[PDB]
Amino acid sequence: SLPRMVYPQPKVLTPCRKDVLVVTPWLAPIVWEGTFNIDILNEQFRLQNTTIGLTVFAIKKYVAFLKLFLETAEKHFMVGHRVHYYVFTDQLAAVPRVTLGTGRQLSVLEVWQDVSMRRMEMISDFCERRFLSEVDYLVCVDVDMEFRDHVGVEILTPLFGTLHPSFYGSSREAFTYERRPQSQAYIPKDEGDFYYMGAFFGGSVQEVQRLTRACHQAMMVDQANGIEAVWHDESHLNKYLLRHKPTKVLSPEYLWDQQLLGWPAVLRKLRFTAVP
């Protein structure tokens, strides 16, 4: 039960965004600026005392991206809510000392085909080991990125994927799905909804555990059949979200590369961008 709140009335005959699609054929919202009242969403999620887990892999040279990642996350990611950062790394001492706000904590987790399966294997394994006990939602991203604007509770849902910024306006036959029938990730040209990027996905811990476990099993079958998918775990992620439809989809606002694509008018905010 929410309390008395003061906010503008939503008008039935005034569309929120006229230049984009805001809901999927399976009735999952597509998150664009102007589709959500953040204050109503903040209060709904505060009233459940929501904790958000955020995972990143920072191994080898990739430890150098952490300072800017964590500093910008403190400015922009789930501000006002409880956050638990999880850092998979081989270099404990290289993790930068970062001042974290109230309700925010960090755990370090000290850990070619092994490399390719690592991400899906390690998220799924740690779901049983730690995540189911410690957080309500899991958010998995790349570390070579920086927050520049709001990324909050509007993304939270049982299961989500994010549109690849290079393909959001492309037709299905042009998507770089795995196209060989001998692979478990196979998607023919008369199938497919969107091309989801492997750099940003999430959901409830249970649904993330299911997705990541499933992708790992399919990868192992591929290895057994002597085949390797064209874009590795990203191919398997797309095959998964085809058959198990996400309950939200995030716009390319949430994954951008300004060097490659600039700042078109269709993006009102550039929230989470690649570091060159």
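When you see a residue number, it is the position in the sequence shown, counting from 1.
Per the record, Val111 and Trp112 are separated by 4 to 9 deposited residues that are missing from the model. Stretch comparison (90 to 98 versus 77 to 85) by mean CA B-factor in the PDB entry places 90 to 98 on top.
In this entry, 99 to 107 shows the higher mean Cα temperature factor of the pair 99 to 107 and 152 to 160. Across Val141, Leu138, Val115, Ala185, the greatest Cα temperature factor reported in the deposited entry is at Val115. When the modelled residues of the chain are ordered by their C-alpha B factor, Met145 lands in the highest third. When all modelled residues of the chain are sorted by CA temperature factor, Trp32 is found within the lowest third. Annotation for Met219: CA B-factor lies in the middle third of the chain's modelled residues. Annotation for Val205: CA B-factor lies in the lowest third of the chain's modelled residues. Per the deposited record, the Cα B-factor of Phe65 falls in the highest third when ranked against the other modelled residues of its chain.
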